[PDB]
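A short worksheet on the structure shown next.
No Cβ is skipped: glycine too gets one built from the backbone with ideal geometry, and neighbour counts run over all protein chains shown. Readers should treat all values here as calculations from the given coordinates under stated rules, not as data from a laboratory.
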């Protein structure tokens, strides 16, 4: 594999650089700016990207080894990375407020990085611009390739060395052409082969697991979440009957979730799956508990208890497999085959392995499950009502499409129903509980706006829940964004 | 005085819509049952008569108007059953069908006094809400077919000599696109009724009738804050001045500043004598620990009657209890000067009298007030939160307009916030506060209501403002339940 090295100078969006590079189907790794030169050479990158950061290159210990400029490979500096590049290659940096950002229009001239990349007019880019420290004097052998009125050296290039610096963040989508610029650097300037695909990954990952495990037996907890499911499919493909999975239904899962897990793993693949039905045990622990924080502690601790007792019975096991993914890393031995992947790659890998898309491309589901979607006291009675209401909502999201043919399920990051233990009047007079519909679209920055679901979709979901679910006669839609609200109600 | 239209009611569920259409053409009209005696019909002296539809069948029903109406020399329009009734008694014939069947149909017409110049997408074509029940199978004497469909050969008929008209569809429902044009054509052109029924034209007559009714007697009137009792107060004050005393009871379950706005418009601007009772604490004490919504309504209604009655007894030199009774309700002596008006006419009368438009063009407000908008136990703590959130919602509805410049306040029939006694988590730090529901509906002509398709940006701005500005609320939801299957109020 051709690989890109990303050096982290502390910016809050540095991971997005890695996501963009992976989205171009090129392998890459995120390392701190002070990675020793020996490890960099051993990594043998096809190119290096220097991220932004909150510090100032003239007064900071945030200095990478300047030997990176002698490796003979292209280097791209972003904001602080550009300032670092300028500070150490004979240029000058003028101080500003490194916390300030905003929109700007950059004009470019023709270069390897800029040719054929444009927004509404040739050689014009609308960017998410850093208004802080800026390059005030070109380093040696460099040219200006992009400028704005307030930032005369907004983009610079050393053609001989293929060094590039930009004063804006191409990894945030607010820079419309940022992806195109990063692709141009990685695919064309560095010449990195876009071979990092999940079908290409399976055989290498399967071989690494076999070398690691041999004939040993492996246990893996199946939460119902995607990561552990994909870990299961991958490890089973590697070692077959050496894997045992444990699935715990704590009674707080969506409708039919236990059946769907058992069908895709035990029935379809022949994976050995220990199925624990713990609904009654969890409901007993939640009885009379209204505090949401206590509810979260109880459910999490009880789940560990049920899983730990199943682990003890699998006495000839030597590995605990886990669905640890790359954002997590940025007596039983740990087996974590997804450590090098982001969530989107994990999803593609699950489909590649043959898992049903319905189980692999689903909205994330909280650990405490419906426990934080039933306000106040959790009871089987309420969980059963909620599963029906939730399922109707999701059915309609899956079957209603926008103008491009994309379903509203796929357009939203998270969608679910919430059970409110208050009663409303309805029509013969009725007096039943209230359901809230929640649907959000999350950004890259831990915020989320509520989805502008079509009115007819909301109306149809409302009609169906009220008529089809005995016990619910009122439906509301959450119109609180994050911030100031949270996505979950508890 | 007024040219008048008489509407005889044969039992159709939409007969009132005929009266609204006629009033909306600025012609006075009254609704009476089909069996109104002939001498009262003559004494009413109508310029024309409309016979409504109905569910019964003219050959097997006692739903028979006095057939002497066809000898009065005034135009008559029969709608569905009214048309069949017309055909049955003037030498035609009715063929039995299912009077419960209705649906869309395209009526083709020929030129007549009723049909000339009225069309939808092609000349001499009407898209109508058709009765598929009993229908005219043989023309009555001197009548001609002026409208037909493939399945209803006699869909419209005219007797030109007598100015009798019969139609097999309902022009009073908006589903008949030209139904209003047809009704106006009959009322304004064929009957020649003068469109003089305006609220400025009504004031002087209404003032004189009140003065003739009351003389120098004293009158008491309950001010709820609603438009009906307010307009009655303004009108009666216009007639008898210091002879009127108003009683305003604040039970602590009103909207923000409601008592101040009522006192300001009446006691300060007009000089009306107003007895102001601040009964907030007393109502809250009686509602403590009460969660059953039916008991809450019972407590609030009975307690209000007691506070008002004690004030009435103290006004010992009073002879009239005035009420804001309006015409839909009608279809110490009682003084009811608004008995002949629909709500929209009452609103125009309120403006005509000089009341501020904001107090007259207001969404209706329930008797039990916020008591049915605070789910479960009602407390001042919750009412104070709700009044704040409700006011923010209303500010945004008033200040945001559609493509024609109409406010979303004016576009909705009813809009309010509802306080939910459940807590949600929020965000820096972690908050845990109550939930508010926004409710907004648009009512139809048929006692149904759909929830308002408020712009997403408006819901978003209201959500943000309530959560940020109202200490105690950290979550806002929008009610997306229509009627049916839900009710407008939550309790």
**OP:** Using every pair of alpha-carbon atoms in the stretch B:7-113, split the distances into 10 Å bins beginning at 0 and state the percent of pairs per bin, rounded to integers.
**Re:** 13, 45, 35, 7
**OP:** Neighbouring Cβ atoms within 10 Å as the yardstick, rank B:276, A:236 fewest first.
**Re:** B:276, A:236
**OP:** Treat each spin label as a single point 7 Å out from the Cα along the C-beta direction, and report the residue B:208 to residue A:402 distance in nm.
**Re:** 6.7 nm
Original post:
What ratio of Cα Rg to 2.2 N^0.38 Å holds for the stretch A:195-362?
Top reply: 1.06
**OP:** Give me the distance in nm between label points sitting 7 Å out from Cα along the Cα-to-Cβ direction at residue A:1 and residue B:44, one decimal.
**Re:** 8.8 nm
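Rounded if a/c is under 1.5, else prolate if a/b is larger than b/c, else oblate: which is the stretch A:3-194, with a ≥ b ≥ c the root eigenvalues of its Cα gyration tensor?
rounded
What FRET efficiency comes out for residue B:361 versus residue B:298 if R0 is 35 angstrom and r is the Cβ-Cβ distance? Round to the nearest 0.05.
0.65
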Subject >> Likely footprinting exposure, A:355, B:90, fewest C-beta neighbours within 10 Å first >> reply: B:90, A:355
Original post:
Which whole-number percent is the relative contact order of the stretch A:185-265 (Cα, under 8 Å, 6+ apart)?
Top reply: 27 percent
Original post:
In peptide A:456-467, how many Cβ atoms from other protein chains are near each Cβ within 10 Å, on average?
Top reply: 3
**OP:** May I ask for the distance between the Cα centers of the stretch B:151-224 and the stretch A:96-153, given as a whole number of Å?
**Re:** 72 Å
Subject >> Global form of the stretch A:41-100, assessed from the alpha-carbon gyration tensor, a/c cut-off 1.5 >> reply: prolate
**OP:** Using label points projected 7 Å from each Cα along Cα→Cβ, tell me how many nm separate residue A:395 and residue A:180, to one decimal.
**Re:** 4.4 nm
Subject >> Ascending count of other beta-carbon atoms within 10 Å, so fewest first, for A:341, A:37, B:438, B:8 >> reply: A:37, A:341, B:8, B:438
**OP:** Whole Å is fine, so just give me how far the alpha carbon centre of the stretch A:349-394 lies from that of the stretch B:407-474.
**Re:** 27 Å
Original post:
residue B:112 to residue B:138: FRET efficiency via 1/(1 + (r/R0)^6), r the Cβ-Cβ distance, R0 22 Å, to the nearest 0.05?
Top reply: 0.70
**OP:** With just the Cα atoms of the stretch A:379-489, tell me how far they stretch along each of the three principal axes, in Å, largest first.
**Re:** 46, 30, 23
Original post:
Can you work out the FRET efficiency for the pair residue A:427 and residue B:198, with r the C-beta to C-beta distance and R0 = 30 Å, to the nearest 0.05?
Top reply: 0.20
Original post:
With the calculation restricted to Cα positions, what are the radius of gyration and Dmax of the protein assembly as shown in angstrom?
Top reply: 37.8, 114
Original post:
When the C-alpha atoms of chain B are aligned to their principal axes, what extent does each axis show, in angstrom, from largest down?
Top reply: 80, 61, 41
